[PDB]
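J.: One file is attached below, input-v3.tsv, containing TSV, C-alpha atoms and all ligand atoms.
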chain	number	residue	atom	x	y	z
T	1	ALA	CA	17.48	4.25	5.36
T	2	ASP	CA	17.33	6.47	2.20
T	3	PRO	CA	14.86	9.28	1.15
T	4	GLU	CA	14.40	7.86	-2.42
T	5	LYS	CA	13.60	4.38	-0.92
T	6	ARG	CA	10.93	6.24	1.18
T	7	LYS	CA	9.58	7.80	-2.13
T	8	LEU	CA	9.38	4.24	-3.61
T	9	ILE	CA	7.63	2.91	-0.41
T	10	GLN	CA	5.10	5.85	-0.51
T	11	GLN	CA	3.97	4.96	-4.08
T	12	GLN	CA	3.88	1.15	-3.27
T	13	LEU	CA	1.55	1.94	-0.29
T	14	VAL	CA	-0.78	4.13	-2.47
T	15	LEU	CA	-0.76	1.58	-5.40
T	16	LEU	CA	-1.58	-1.38	-3.06
T	17	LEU	CA	-4.51	0.62	-1.59
T	18	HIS	CA	-5.68	1.51	-5.18
T	19	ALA	CA	-5.73	-2.24	-6.17
T	20	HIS	CA	-8.37	-3.05	-3.49
T	21	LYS	CA	-10.17	0.41	-3.76
T	22	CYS	CA	-10.61	-0.18	-7.56
T	23	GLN	CA	-11.85	-3.80	-6.98
T	24	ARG	CA	-14.27	-2.72	-4.15
T	25	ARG	CA	-15.70	0.29	-6.12
T	26	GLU	CA	-16.12	-1.73	-9.36
T	27	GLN	CA	-18.00	-4.60	-7.57
T	28	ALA	CA	-20.16	-2.14	-5.49
T	29	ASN	CA	-21.25	0.23	-8.36
T	30	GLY	CA	-19.67	0.96	-11.80
T	31	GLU	CA	-20.20	1.50	-15.57
T	32	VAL	CA	-17.00	3.27	-16.76
T	33	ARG	CA	-13.89	1.50	-15.27
T	34	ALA	CA	-13.14	2.52	-11.64
T	35	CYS	CA	-9.39	2.11	-12.45
T	36	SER	CA	-6.97	4.94	-13.42
T	37	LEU	CA	-3.38	3.80	-12.60
T	38	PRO	CA	-1.68	1.36	-15.11
T	39	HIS	CA	0.18	-0.71	-12.39
T	40	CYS	CA	-3.14	-1.52	-10.54
T	41	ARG	CA	-3.36	-5.05	-12.18
T	42	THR	CA	0.22	-5.81	-10.95
T	43	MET	CA	-0.80	-4.84	-7.37
T	44	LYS	CA	-4.11	-6.90	-7.72
T	45	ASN	CA	-1.98	-10.01	-8.56
T	46	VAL	CA	0.27	-9.20	-5.51
T	47	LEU	CA	-2.93	-8.66	-3.34
T	48	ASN	CA	-4.28	-12.12	-4.34
T	49	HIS	CA	-0.88	-13.74	-3.55
T	50	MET	CA	-0.56	-12.00	-0.07
T	51	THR	CA	-3.85	-13.55	1.27
T	52	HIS	CA	-2.88	-17.12	0.15
T	53	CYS	CA	0.87	-16.97	1.04
T	54	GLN	CA	1.88	-17.34	4.76
T	55	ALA	CA	5.73	-17.39	4.40
T	56	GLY	CA	6.11	-13.56	4.88
T	57	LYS	CA	9.80	-13.13	5.94
T	58	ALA	CA	10.69	-16.35	4.03
T	59	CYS	CA	8.83	-15.43	0.76
T	60	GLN	CA	11.48	-14.69	-1.94
T	61	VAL	CA	9.02	-12.48	-3.97
T	62	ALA	CA	9.91	-8.75	-3.62
T	63	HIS	CA	6.22	-7.70	-3.76
T	64	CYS	CA	4.97	-10.15	-1.02
T	65	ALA	CA	7.81	-9.21	1.40
T	66	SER	CA	7.18	-5.42	0.81
T	67	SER	CA	3.29	-5.38	0.71
T	68	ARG	CA	2.91	-7.13	4.12
T	69	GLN	CA	5.28	-4.47	5.61
T	70	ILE	CA	3.43	-1.38	4.17
T	71	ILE	CA	0.00	-2.62	5.45
T	72	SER	CA	1.59	-3.57	8.84
T	73	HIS	CA	2.93	0.03	9.11
T	74	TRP	CA	-0.38	1.76	8.11
T	75	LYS	CA	-2.44	-0.51	10.48
T	76	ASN	CA	-0.17	0.09	13.55
T	77	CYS	CA	0.76	3.78	12.83
T	78	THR	CA	-1.16	6.26	15.07
T	79	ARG	CA	1.46	9.09	14.75
T	80	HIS	CA	0.53	12.85	14.78
T	81	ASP	CA	1.68	13.21	11.13
T	82	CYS	CA	3.27	10.52	8.87
T	83	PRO	CA	3.89	11.13	5.05
T	84	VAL	CA	1.28	8.44	4.04
T	85	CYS	CA	-0.72	7.34	7.14
T	86	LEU	CA	-1.99	10.91	7.96
T	87	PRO	CA	-3.45	11.80	4.44
T	88	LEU	CA	-4.95	8.24	4.19
T	89	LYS	CA	-6.57	8.46	7.71
T	90	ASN	CA	-7.77	12.08	7.24
T	91	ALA	CA	-8.28	12.81	3.50
T	92	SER	CA	-7.53	16.56	2.88
T	93	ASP	CA	-10.09	16.65	0.00
T	94	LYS	CA	-13.72	16.22	1.30
T	95	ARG	CA	-17.28	16.55	-0.19
O	99	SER	CA	-8.83	12.39	-9.28
O	100	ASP	CA	-8.05	10.72	-5.86
O	101	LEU	CA	-6.52	12.07	-2.58
O	102	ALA	CA	-4.06	9.17	-1.89
O	103	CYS	CA	-2.91	9.26	-5.57
O	104	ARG	CA	-1.73	12.98	-5.28
O	105	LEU	CA	1.24	13.39	-7.71
O	106	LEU	CA	2.15	9.64	-7.93
O	107	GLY	CA	4.37	10.78	-10.90
O	108	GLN	CA	6.95	12.06	-8.31
O	109	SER	CA	8.00	8.48	-7.36
O	110	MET	CA	6.61	6.60	-10.45
O	111	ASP	CA	9.37	8.30	-12.58
O	112	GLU	CA	12.02	6.05	-10.87
O	113	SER	CA	11.90	2.98	-13.24
O	114	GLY	CA	8.18	2.13	-12.56
O	115	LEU	CA	7.96	-0.63	-9.89
O	116	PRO	CA	11.04	-1.30	-7.63
O	117	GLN	CA	12.45	-4.52	-6.07
O	118	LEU	CA	12.00	-3.57	-2.40
O	119	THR	CA	12.12	-6.23	0.38
O	120	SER	CA	10.82	-6.88	3.94
O	121	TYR	CA	14.27	-5.75	5.26
O	122	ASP	CA	14.37	-2.51	3.13
O	123	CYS	CA	10.77	-1.53	4.10
O	124	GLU	CA	11.30	-2.42	7.85
O	125	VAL	CA	14.54	-0.32	7.89
O	126	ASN	CA	13.13	2.72	5.99
O	127	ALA	CA	9.60	2.90	7.58
O	128	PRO	CA	9.49	0.90	10.91
O	129	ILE	CA	6.05	-0.38	12.07
O	130	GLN	CA	4.79	1.65	15.10
O	131	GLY	CA	5.15	-0.08	18.53
O	132	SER	CA	6.79	-3.44	17.53
O	133	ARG	CA	7.54	-4.90	14.04
O	134	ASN	CA	5.21	-7.65	12.72
O	135	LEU	CA	3.70	-8.91	9.38
O	136	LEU	CA	-0.06	-8.23	8.92
O	137	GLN	CA	-1.38	-11.21	6.83
O	138	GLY	CA	-4.45	-13.12	5.49
O	139	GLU	CA	-8.03	-11.80	6.09
O	140	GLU	CA	-6.68	-8.84	8.16
O	141	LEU	CA	-4.94	-7.48	4.97
O	142	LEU	CA	-8.26	-7.04	3.10
O	143	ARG	CA	-9.91	-5.63	6.31
O	144	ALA	CA	-7.07	-3.04	6.59
O	145	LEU	CA	-7.40	-2.17	2.81
O	146	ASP	CA	-11.24	-1.82	3.21
O	147	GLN	CA	-10.93	1.03	5.82
O	148	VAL	CA	-9.86	3.47	2.98
O	149	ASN	CA	-13.55	3.86	1.87
M	201	ZN	ZN	-7.39	0.04	-10.58
M	202	ZN	ZN	4.43	-14.65	-0.63
M	203	ZN	ZN	3.11	5.84	9.50
Could you express the structure from this file as structure tokens?

T.:
Amino acid sequence: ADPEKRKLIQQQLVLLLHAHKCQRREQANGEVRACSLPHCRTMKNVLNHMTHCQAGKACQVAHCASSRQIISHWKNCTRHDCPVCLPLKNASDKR
Amino acid sequence: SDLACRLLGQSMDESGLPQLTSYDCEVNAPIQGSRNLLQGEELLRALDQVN
């Protein structure tokens, strides 16, 4: 393992969540684009692929192989404090 | 802006989007309990819980 690979994984996790958050929000209620992050469209394409594809371990695509893993982690993770899971589960900012 | 998105710039600075793999991700951040691959409908259901 490497700390900079963890940095890369952290942003992939957040971006993948944005892709669906953006989609969901836009469909539910919008006027001005829900989107903010440039890479969102890339993650939306990856998101679409993930649901259709069933190869997982065998899929040669970097994105597919990675994206399944990040969601698997977040879903299973019930740790006291994790650098992504914790802030996602319990958002520090509230209204 | 958004809570999850807090200083994305930190990691975004490194090229843009990396070429990570199942192996790399499994090694660096192991799935709690036992390793698996969350797939199909369950993906979208997991992504929905953010709201
Ligand atoms: Zn977006
Ligand atoms: Zn695939
Ligand atoms: Zn975790």

J.: Please identify all protein, DNA and RNA residues within 7 Å of ligand ZN 201 (chain M), counting all atoms listed in the file, and report them as a PDB file with C-alpha atoms, in the coordinates of the input.

T.:
ATOM      1  CA  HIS T  18      -5.680   1.510  -5.180  1.00  0.00           C
ATOM      2  CA  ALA T  19      -5.730  -2.240  -6.170  1.00  0.00           C
ATOM      3  CA  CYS T  22     -10.610  -0.180  -7.560  1.00  0.00           C
ATOM      4  CA  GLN T  23     -11.850  -3.800  -6.980  1.00  0.00           C
ATOM      5  CA  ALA T  34     -13.140   2.520 -11.640  1.00  0.00           C
ATOM      6  CA  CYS T  35      -9.390   2.110 -12.450  1.00  0.00           C
ATOM      7  CA  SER T  36      -6.970   4.940 -13.420  1.00  0.00           C
ATOM      8  CA  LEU T  37      -3.380   3.800 -12.600  1.00  0.00           C
ATOM      9  CA  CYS T  40      -3.140  -1.520 -10.540  1.00  0.00           C
ATOM     10  CA  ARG T  41      -3.360  -5.050 -12.180  1.00  0.00           C
TER      11      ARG T  41
END

J.: Counting all atoms listed in the file, which of T:1, T:53, T:28, T:9 gets nearest to ligand ZN 203 (chain M)?

T.: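 Comparing T:1, T:53, T:28, T:9 against ligand ZN 203 (chain M), the winner is T:9.
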
J.: Residues of chain T near chain O: apply a cut-off of 6 Å, count only C-alpha atoms, and supply the list as a PyMOL selection string.

T.: chain T and resi 1+7-8+17+51+62+65-66+68+72-73+76-77

J.: Show me a table, sorted first by chain and then by increasing residue number, of the residues of chain T having an atom at most 9 Å from ligand ZN 202 (chain M), each with its shortest atom pair and the distance in Å to one decimal, counting all atoms listed in the file and written as a Markdown table.

T.:
| residue | atom | partner | partner_atom | distance |
| --- | --- | --- | --- | --- |
| T:46 | CA | M:ZN202 | ZN | 8.4 |
| T:49 | CA | M:ZN202 | ZN | 6.1 |
| T:50 | CA | M:ZN202 | ZN | 5.7 |
| T:51 | CA | M:ZN202 | ZN | 8.6 |
| T:52 | CA | M:ZN202 | ZN | 7.8 |
| T:53 | CA | M:ZN202 | ZN | 4.6 |
| T:54 | CA | M:ZN202 | ZN | 6.5 |
| T:55 | CA | M:ZN202 | ZN | 5.9 |
| T:56 | CA | M:ZN202 | ZN | 5.9 |
| T:57 | CA | M:ZN202 | ZN | 8.6 |
| T:58 | CA | M:ZN202 | ZN | 8.0 |
| T:59 | CA | M:ZN202 | ZN | 4.7 |
| T:60 | CA | M:ZN202 | ZN | 7.2 |
| T:61 | CA | M:ZN202 | ZN | 6.1 |
| T:62 | CA | M:ZN202 | ZN | 8.6 |
| T:63 | CA | M:ZN202 | ZN | 7.8 |
| T:64 | CA | M:ZN202 | ZN | 4.5 |
| T:65 | CA | M:ZN202 | ZN | 6.7 |

J.: Can you tell me which residues come within 7 Å of ligand ZN 203 (chain M) when counting only C-alpha atoms and all ligand atoms, ideally as a PyMOL selection string?

T.: chain T and resi 73-74+77+79+82-85

J.: What is the distance between atom CA of residue T:30 and atom CA of residue T:16, in Å to one decimal?

T.: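 According to the coordinates, atom CA of residue T:30 and atom CA of residue T:16 are separated by 20.2 Å.
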
J.: Please compute the atom CA of residue T:69-atom CA of residue T:12 distance, one decimal, in Å.

T.: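 Calculated distance between atom CA of residue T:69 and atom CA of residue T:12 is 10.6 Å.
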
J.: Box in all listed atoms of stretch 7-11 of chain T, axis-aligned, with 4 Å more on each side; write out centre and edge lengths in Å to one decimal as lines of an AutoDock Vina configuration file.

T.:
center_x = 6.8
center_y = 5.4
center_z = -2.2
size_x = 13.6
size_y = 12.9
size_z = 11.7

J.: Using atom CA of residue T:21 and atom CA of residue T:87 as the two end points, give the distance in Å to one decimal.

T.: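 So the two atoms, atom CA of residue T:21 and atom CA of residue T:87, lie 15.6 Å apart.
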